[PDB]
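Asker: Can you keep this structure in mind? I'll have questions shortly.
Methodologically, a virtual Cβ is constructed for each residue, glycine included, from the backbone with ideal geometry; neighbour enumeration extends over all protein chains shown. Computed from the coordinates by the stated procedures, all read-outs in this text should not be read as laboratory data.
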Amino acid sequence: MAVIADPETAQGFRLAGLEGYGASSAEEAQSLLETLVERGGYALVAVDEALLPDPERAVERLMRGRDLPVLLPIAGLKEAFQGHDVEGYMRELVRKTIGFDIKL
Amino acid sequence: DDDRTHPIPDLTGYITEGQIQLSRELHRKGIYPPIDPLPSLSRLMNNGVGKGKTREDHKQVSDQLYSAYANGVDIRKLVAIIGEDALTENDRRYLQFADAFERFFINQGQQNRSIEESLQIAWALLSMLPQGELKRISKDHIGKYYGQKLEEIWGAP
Amino acid sequence: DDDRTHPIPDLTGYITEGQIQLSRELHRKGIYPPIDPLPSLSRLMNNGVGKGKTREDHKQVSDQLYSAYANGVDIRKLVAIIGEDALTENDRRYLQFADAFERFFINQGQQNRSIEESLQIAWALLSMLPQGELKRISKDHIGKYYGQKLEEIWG
Amino acid sequence: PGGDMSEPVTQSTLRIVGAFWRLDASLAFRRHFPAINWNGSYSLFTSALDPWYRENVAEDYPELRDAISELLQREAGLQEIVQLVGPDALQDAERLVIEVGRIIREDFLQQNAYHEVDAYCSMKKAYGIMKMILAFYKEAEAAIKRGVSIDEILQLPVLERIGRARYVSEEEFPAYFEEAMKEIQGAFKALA
Amino acid sequence: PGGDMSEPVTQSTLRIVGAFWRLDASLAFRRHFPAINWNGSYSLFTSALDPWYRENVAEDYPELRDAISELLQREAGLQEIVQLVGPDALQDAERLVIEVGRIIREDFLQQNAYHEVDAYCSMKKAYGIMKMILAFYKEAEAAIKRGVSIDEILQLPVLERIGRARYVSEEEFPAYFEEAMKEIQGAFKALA
Amino acid sequence: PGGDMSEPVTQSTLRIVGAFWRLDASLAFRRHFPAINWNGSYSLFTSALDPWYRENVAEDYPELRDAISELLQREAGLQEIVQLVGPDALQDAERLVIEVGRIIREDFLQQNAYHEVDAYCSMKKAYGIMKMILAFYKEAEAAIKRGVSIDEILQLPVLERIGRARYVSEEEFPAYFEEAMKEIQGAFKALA
Amino acid sequence: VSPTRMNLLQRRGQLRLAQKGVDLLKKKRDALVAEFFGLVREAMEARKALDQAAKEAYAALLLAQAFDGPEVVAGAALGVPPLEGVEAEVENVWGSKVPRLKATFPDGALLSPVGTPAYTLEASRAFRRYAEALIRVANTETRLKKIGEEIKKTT
């Protein structure tokens, strides 16, 4: 399965048998993601968190056509060694879905 | 034309104490006598029931029956959209109570039920609901009268 | 007004033998003659049509056209309520039939059509529906007249 | 005048007649005749005529008539929800009711006064059509509980057989009825 | 006549009266007596009686009354969120005003006219009860600013002493009020 | 009386007049003047004046007028869908129609009776404005198929030129028109 | 609308229908919200499980890279063939469709059975367990988004 991130985890991803590409900047990540979505064939795509927080936020002109590919953000390299705010990420998700941002 | 704002039903409401309303839906479903309990009302009921007049538990049983039927009809309307599997546990009990209520309490045919028989059927109907959900009835009457089965009239049409 | 219940049209409809009603909604869309077929009526139609007078399939074709147009009109309201993306295939077929009916059968301009040309256009419109849904037409007439495409005359 | 049923003449008549057959303009516009408004019509002679029906048509004819009336009432109840959210938001057990109500409306209640055969109908032919519709409804309700979807039941070829029982002549109907009953029995039995 | 407030009699009455106590049966269904709809009711003698209030009852009475009215007004805007998500998902700051609104609606606006002492209530007794409720609210908010869970505020025994202020006699009120005020002050001193 | 268009005086007048210019209170509330309802108005003299238009204004003036009427009809059709789903969900070919309809509504139909220039408009000035609007619509419709966003088109500086065209005097308009046409062609040729 | 005594009663019936429909839609929204506020908790738990798996897989691969060397790690990545057996199905949820991922995770489809680069083999297992947790996160995420959009439509 396609996944773009820092090459240090892309190496392990191609070790596991998943297609992997490296990214280093915002424009590079955007171009890589647009080429990944434009190219057909796969069902799941994982994008980083350090460079692109929301993967479907940039591909909004393309994801309205077909619905089989699924985008998903994952943690970075140094972030996984210390964790992140899952509570904050899900609070933001609840805000974007139900619209009221009130949950404890 | 089923209009309660017509002058004849409007002026009758200013002089009389309550009303009893017949339902066309219950009549078309085959229920006789088709009396709809939700819009019906008696305005002197509390002065004629109670200790030494009918029985101790009359008023609270009537209130519990009213509230349970009011819940059951709306649950019945919701089932047609969300399905009977998406309901909670007590909602199915309320739905079954509504069906049994319409089948047994209202639809009596040409029977001449005494008040004891009516209260017996009413207490047997409330036993479908779980104990402790009967908020409007005090615990002494529940201890005295809860738990009877409806087969006593199921086998007696 | 646009009121069918006014005393003058009401008494006239009680006295006469049908009516031809014009539609302002069809007139605003550029359709001429803007005759609305559903509120219109002809009481003496059955005397002058049929076998030996015009053709043996006239009445059944008329009834089927009425039913299909009524179904399409009713589906338009469902589209206006829930949106046209939640429809099935049958509803979209009826919607396309209603639009093509208004744009081709009613709208003719100043030209003078014969009865056979009108029946040909009517059978062309009915061929856009599945053969099993033509309930009001006999199977012999369906076997005889179904299948012609609309583009063979207007294309 | 103007279709206003609150007219004095209509209200005077409503209080002395035993049966009321109200006609509808909306049904007449779409050429659905006899165009009887089922929701606004009534009869007060139904209960007194039951012994004659038992003696002269069948022993269970009132039960079939009551079943048809209850099905129509259920469809009229569901019409509010179907006008609110559309037909595709209902469960299969309600879509079946809607489709059976449509079958009843377009097969049993409709009649063509100018047709050669459909202009006259006897009691036994109507009894047979009611029995066929009820048998199909029972079998389809059994199939829905078995996991079969609604969208495949109504595409069966037996709906054309039931839907065209109006035009069978009185001399052929005893054969047509027994030909269709076996097909009704077998179609759902053979289904997956 | 039909429960509508656009009736000519009610419209002509609304134009000449200085007060308007709109009862509603929704609060009578839930056994809340009196059943006055405080959102629709109004009085035009509120302001002009204030000099009498401050020269007879207490100096801070109009401000305390306005504070209680503002507390009741604040809860009215949160019903659009309580009717979407249950109360248990609301933030603690809003949950505090929800609890204080319930306490006001079920302990201060409620009155038993059949009771021995609750049927009659002077101005100073109501002033004391409002003072206790406002002290509860302000100390709870101050504790929230320090950082506390809502359940430890609800745990406090002063909930019952603020509830049972209705049933105290008028002779025992001037000691009970000060005792309750000092008790709640000490209880919120004994908090994180 | 009250804006009711079914009163006897209004209905008696419509049986004899040839043109019916209907005013709307909704447009007058938002200061959209002359506040003529272009959906409920009509004129029976349109077809009889075409030979005059073809030889005194331009030979293709009726076609342009019909094109503008068609655009208004399509915009009115889309505005029913827009007000319940939202304009963001629409495709680009529909948002283009919405924007062009707004441009027609605010640049062509709207006229100020108290301005020193806009109070009077010749036929040729209106024909030129119609030509500019239709040319812009044609170029935008052509450029939409190459994938250009609506937001790129809406930020073009030539949109301001059409909006200010009606305040140009009758003397300066025949040159301003040519400059605007060449600017439209250049801006949509250099566009992405 | 023609003013008659019949049309008044028709309008009042429509008003009653509208109010009861409002109540029914509110009940449906309540049921949807009660489902959503447990689905989000399952999403929370799956997300933190994925975080822990990410931590251990990254540690294993870092330890393999530091000791075994980039050359052997790159060679082991080259040797293992890619995976394609992702089983996808479409399932309804509350009257709406979602896709689901049921990837095969085939046993024996990978290369290098020799365990001599022991830390490389451990990381090769760990990243496959990473990929196992990934679709468990994704299938909850898509269902959560669909239920949220249904809540939006009802509102």
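Asker: Across the stretch D:26-48, what is the number of residues that are touching a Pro at 6+ places or on another chain (Cβ under 9 Å) and either loosely packed, with under 12 Cβ neighbours inside 10 Å or in a helix (DSSP H, G or I) (or both)?
Answerer: Initial filter on the stretch D:26-48 (touching a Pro at 6+ places or on another chain (Cβ under 9 Å)): D:27, D:29, D:46.
From the residues that got through so far, the ones that are either loosely packed, with under 12 Cβ neighbours inside 10 Å or in a helix (DSSP H, G or I) (or both) too are D:27, D:29.
Result for the stretch D:26-48: 2.
Asker: Go through (1) free of Cβ contacts under 8 Å to residues at least 24 places away in the same chain; (2) in contact with a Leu (Cβ under 7 Å, 6 or more places away or on another chain) for G:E91 and report which single condition fails.
Answerer: G:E91 satisfies all of (1) free of Cβ contacts under 8 Å to residues at least 24 places away in the same chain; (2) in contact with a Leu (Cβ under 7 Å, 6 or more places away or on another chain) except (2).
Asker: Kindly list the number of the only condition in (1) more than 24 Å from E:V100 (Cα to Cα); (2) in contact with a strand residue (DSSP E or B) (Cβ under 6 Å, 6 or more places away or on another chain) that fails for E:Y42.
Answerer: (1)
Asker: Considering only the stretch F:86-128, state which residues are touching an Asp or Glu at 6+ places or on another chain (Cβ under 7 Å) and in a helix (DSSP H, G or I). Before the answer, list the steps.
Answerer: Restricting attention to the stretch F:86-128, the residues satisfying the condition of being touching an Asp or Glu at 6+ places or on another chain (Cβ under 7 Å) are F:96-98, F:101, F:111-112, F:122, F:125.
Hits for the stretch F:86-128 are F:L96, F:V97, F:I98, F:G101, F:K125.
Asker: Can you tell me how many residues within the stretch B:75-102 are within 13 Å of chain D (Cβ to nearest Cβ) and free of Cβ contacts under 8 Å to residues at least 60 places away in the same chain?
Answerer: Start the filter on the stretch B:75-102 by keeping residues that are within 13 Å of chain D (Cβ to nearest Cβ), which leaves B:76-87, B:102.
Still in the running and free of Cβ contacts under 8 Å to residues at least 60 places away in the same chain: B:76-87.
Total meeting the criteria: 12.
Asker: Checking the conditions here, which among A:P53, A:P73 is farther than 14 Å from G:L50 by Cβ and either at the interface with another protein chain (Cβ under 9 Å from one of its Cβ atoms) or touching a residue at least 12 places away in the same chain (Cβ under 8 Å) (or both)?
Answerer: Values: A:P73 fails: farther than 14 Å from G:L50 by Cβ.
Of A:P53, A:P73, the one residue that is farther than 14 Å from G:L50 by Cβ and either at the interface with another protein chain (Cβ under 9 Å from one of its Cβ atoms) or touching a residue at least 12 places away in the same chain (Cβ under 8 Å) (or both) is A:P53.
Asker: Still on this structure, please answer the following. So which of F:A76, F:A48, F:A28, F:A35 ends up being of a type in the set (A, V, I, L, M, F, W, C) and over 20 Å from the mean Cα position of the chain (by Cα)?
Answerer: Details: F:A76 fails: over 20 Å from the mean Cα position of the chain (by Cα); F:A28 fails: over 20 Å from the mean Cα position of the chain (by Cα); F:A35 fails: over 20 Å from the mean Cα position of the chain (by Cα).
Result of the check over F:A76, F:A48, F:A28, F:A35: F:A48.
Asker: Is it the case, given these coordinates, that B:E152 is touching a helix residue (DSSP H, G or I) at 6+ places or on another chain (Cβ under 8 Å), of a type in the set (D, E, K, R) and touching a residue at least 40 places away in the same chain (Cβ under 8 Å)?
Answerer: Numbers: touching a helix residue (DSSP H, G or I) at 6+ places or on another chain (Cβ under 8 Å): yes; of a type in the set (D, E, K, R): yes; touching a residue at least 40 places away in the same chain (Cβ under 8 Å): no.
Spelling it out, it is not the case that B:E152 is touching a helix residue (DSSP H, G or I) at 6+ places or on another chain (Cβ under 8 Å), of a type in the set (D, E, K, R) and touching a residue at least 40 places away in the same chain (Cβ under 8 Å).
Asker: Of everything in the stretch G:106-155, what is more than 10 Å from chain A (Cβ to nearest Cβ), without any contact (Cβ under 8 Å) to a residue 12 or more places away in the chain, of a type outside the set (A, V, I, L, M, F, W, C) and part of a helix (DSSP H, G or I)? Give them in sequence order.
Answerer: G:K153
Asker: I'm told C:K135 meets every condition in (1) closer than 24 Å to D:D151 by Cβ; (2) assigned to a helix (DSSP H, G or I) except one. Can you identify the failing condition by its number?
Answerer: All conditions are met except number (2).
Asker: Cβ-Cβ under 8 Å, sequence separation 6+ or interchain: first residue in the stretch G:39-68 and without any contact (Cβ under 8 Å) to a residue 12 or more places away in the chain and more than 7 Å from every other protein chain (Cβ to nearest Cβ), partner crowded, with 18+ Cβ neighbours inside 10 Å and not polar (S, T, N, Q). Which pairs?
Answerer: G:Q65/G:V73
Asker: Among the residues of the stretch G:99-119, which ones are surrounded by 12 or more Cβ atoms within 10 Å (Cβ to Cβ), within 28 Å of A:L68 (Cα to Cα) and not hydrophobic (A, V, I, L, M, F, W, C)?
Answerer: Within the stretch G:99-119, G:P99, G:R100, G:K102 meet the criteria.
Asker: Among the strands (runs of 3 or more DSSP E) lying completely within the stretch A:10-86, list those that include at least 1 residues that are more than 21 Å from G:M44 (Cβ to Cβ).
Answerer: Values: elements: A:20-22, A:44-47, A:70-73.
Strands (runs of 3 or more DSSP E) meeting the threshold: A:20-22, A:44-47.
Asker: Turning to a different aspect of this structure: If the requirement is being among the small types (G, A, S), within 14 Å of chain B (Cβ to nearest Cβ), surrounded by fewer than 18 Cβ atoms within 10 Å (Cβ to Cβ) and closer than 24 Å to D:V148 by Cα, which of these qualifies: D:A93, D:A76? Full working, then the answer.
Answerer: Working: D:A76 fails: closer than 24 Å to D:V148 by Cα.
Step by step, each of D:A93, D:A76 is checked, and only D:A93 is among the small types (G, A, S), within 14 Å of chain B (Cβ to nearest Cβ), surrounded by fewer than 18 Cβ atoms within 10 Å (Cβ to Cβ) and closer than 24 Å to D:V148 by Cα.
Asker: Which numbered condition in (1) away from every other protein chain (no Cβ under 11 Å); (2) of a type in the set (D, E); (3) touching a residue at least 24 places away in the same chain (Cβ under 8 Å) is the only one that D:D60 fails?
Answerer: (3)
Asker: Follow-up. Which of the residues spanning the stretch B:15-33 are touching a helix residue (DSSP H, G or I) at 6+ places or on another chain (Cβ under 9 Å) and away from chain D (no Cβ under 12 Å)?
Answerer: Result: B:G18, B:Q19, B:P33.
Asker: Restricting attention to the stretch A:80-101, does a residue exist that is away from chain G (no Cβ under 12 Å), surrounded by 12 or more Cβ atoms within 10 Å (Cβ to Cβ), among the aliphatic types (A, V, I, L, M) and closer than 30 Å to G:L78 by Cα?
Answerer: No, the conditions are met nowhere in the stretch A:80-101.
Asker: So which residues in the stretch D:1-53 are among the charged types (D, E, K, R), within 14 Å of chain C (Cβ to nearest Cβ) and within 19 Å of D:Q111 (Cβ to Cβ)?
Answerer: Within the stretch D:1-53, the first condition is being among the charged types (D, E, K, R), and the residues that meet it are D:4, D:7, D:15, D:22, D:24, D:30-31, D:50.
Cutting the leftovers down to within 14 Å of chain C (Cβ to nearest Cβ) gives us D:4, D:7, D:24, D:30-31.
Those that are among the charged types (D, E, K, R), within 14 Å of chain C (Cβ to nearest Cβ) and within 19 Å of D:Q111 (Cβ to Cβ): D:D24, D:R30, D:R31.
Asker: Another question, if that's okay. Do we find that F:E70 is out of contact with any helix residue (DSSP H, G or I) (no Cβ under 9 Å at 6 or more places or on another chain) and within 24 Å of F:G40 (Cβ to Cβ) in this structure? Step through it out loud before you land on a result.
Answerer: Numbers: out of contact with any helix residue (DSSP H, G or I) (no Cβ under 9 Å at 6 or more places or on another chain): yes; within 24 Å of F:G40 (Cβ to Cβ): yes.
When the stated conditions are applied, F:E70 passes them.
Asker: Right, next: If the Cβ limit is 6 Å and pairs must be 6+ apart or interchain, which residue in the stretch F:1-22 that is outside any loop (DSSP other than H, G, I, E, B) pairs with which residue that is of a type in the set (S, T, Y)?
Answerer: Qualifying pairs under 6 Å: F:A19/F:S43; F:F20/F:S41; F:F20/F:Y42.
Asker: Continuing with the same structure: How about the stretch E:143-192: which of its residues are loosely packed, with under 13 Cβ neighbours inside 10 Å, at negative phi and not in a helix (DSSP H, G or I)?
Answerer: The answer is E:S149, E:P157, E:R164, E:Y167, E:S169, E:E170, E:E171, E:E172, E:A190, E:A192.
Asker: Give me the pairs, please: first residue somewhere in the stretch C:1-14 and more than 8 Å from every other protein chain (Cβ to nearest Cβ), second residue anywhere and surrounded by 10 or more Cβ atoms within 10 Å (Cβ to Cβ) and among the aromatic types (F, W, Y), beta-carbon distance under 7 Å, and either six or more positions apart or on two chains.
Answerer: Taking only residues 6 or more apart or on different chains, not a single pair turns up.
Asker: Residues that are within 14 Å of chain B (Cβ to nearest Cβ) and either farther than 30 Å from G:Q19 by Cα or surrounded by 14 or more Cβ atoms within 10 Å (Cβ to Cβ) (or both): does the stretch D:108-130 have at least one?
Answerer: To start, the set of residues in the stretch D:108-130 that are within 14 Å of chain B (Cβ to nearest Cβ) comprises none.
Among the residues of the stretch D:108-130, not one is within 14 Å of chain B (Cβ to nearest Cβ) and either farther than 30 Å from G:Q19 by Cα or surrounded by 14 or more Cβ atoms within 10 Å (Cβ to Cβ) (or both), which makes the answer no.
Asker: In addition: Considering only residues that are within 9 Å of another protein chain (Cβ to nearest Cβ), closer than 30 Å to B:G83 by Cβ and out of contact with any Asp or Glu (no Cβ under 8 Å at 6 or more places or on another chain), which ones fall in the stretch G:69-104?
Answerer: If the condition is that a residue be within 9 Å of another protein chain (Cβ to nearest Cβ), closer than 30 Å to B:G83 by Cβ and out of contact with any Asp or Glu (no Cβ under 8 Å at 6 or more places or on another chain), then G:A88 is the only one that fits.
Asker: Regarding G:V90, is this residue outside any loop (DSSP other than H, G, I, E, B) and among the β-branched types (V, I, T)? Reasoning before the result, please.
Answerer: Values: outside any loop (DSSP other than H, G, I, E, B): yes; among the β-branched types (V, I, T): yes.
So G:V90 fits the description; yes.
Asker: Taking D:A89 and the conditions (1) in contact (Cβ under 8 Å) with a residue 60 or more places away in the chain; (2) small (G, A, S); (3) touching a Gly at 6+ places or on another chain (Cβ under 8 Å), which numbered condition does it fall short on, given that it satisfies the others?
Answerer: (1)
Asker: Let me ask another. Which of the residues belonging to the stretch G:21-38 are more than 13 Å from G:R143 (Cα to Cα), of a type in the set (D, E) and either in contact (Cβ under 8 Å) with a residue 12 or more places away in the chain or within 8 Å of another protein chain (Cβ to nearest Cβ) (or both)? First the steps, then the outcome.
Answerer: Step one: filter the stretch G:21-38 for residues more than 13 Å from G:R143 (Cα to Cα), giving G:21-31, G:33-34.
Those left that are additionally of a type in the set (D, E): G:23, G:30.
Hit for the stretch G:21-38 is G:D23, nothing else.
Asker: Could you identify the single residue in G:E132, G:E91, G:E122 that is surrounded by fewer than 19 Cβ atoms within 10 Å (Cβ to Cβ), among the charged types (D, E, K, R) and more than 30 Å from G:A64 (Cβ to Cβ)? Spell out how you get there, then give the answer.
Answerer: On the way: G:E132 fails: more than 30 Å from G:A64 (Cβ to Cβ); G:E122 fails: more than 30 Å from G:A64 (Cβ to Cβ).
Going through G:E132, G:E91, G:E122 in turn, the sole match is G:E91.
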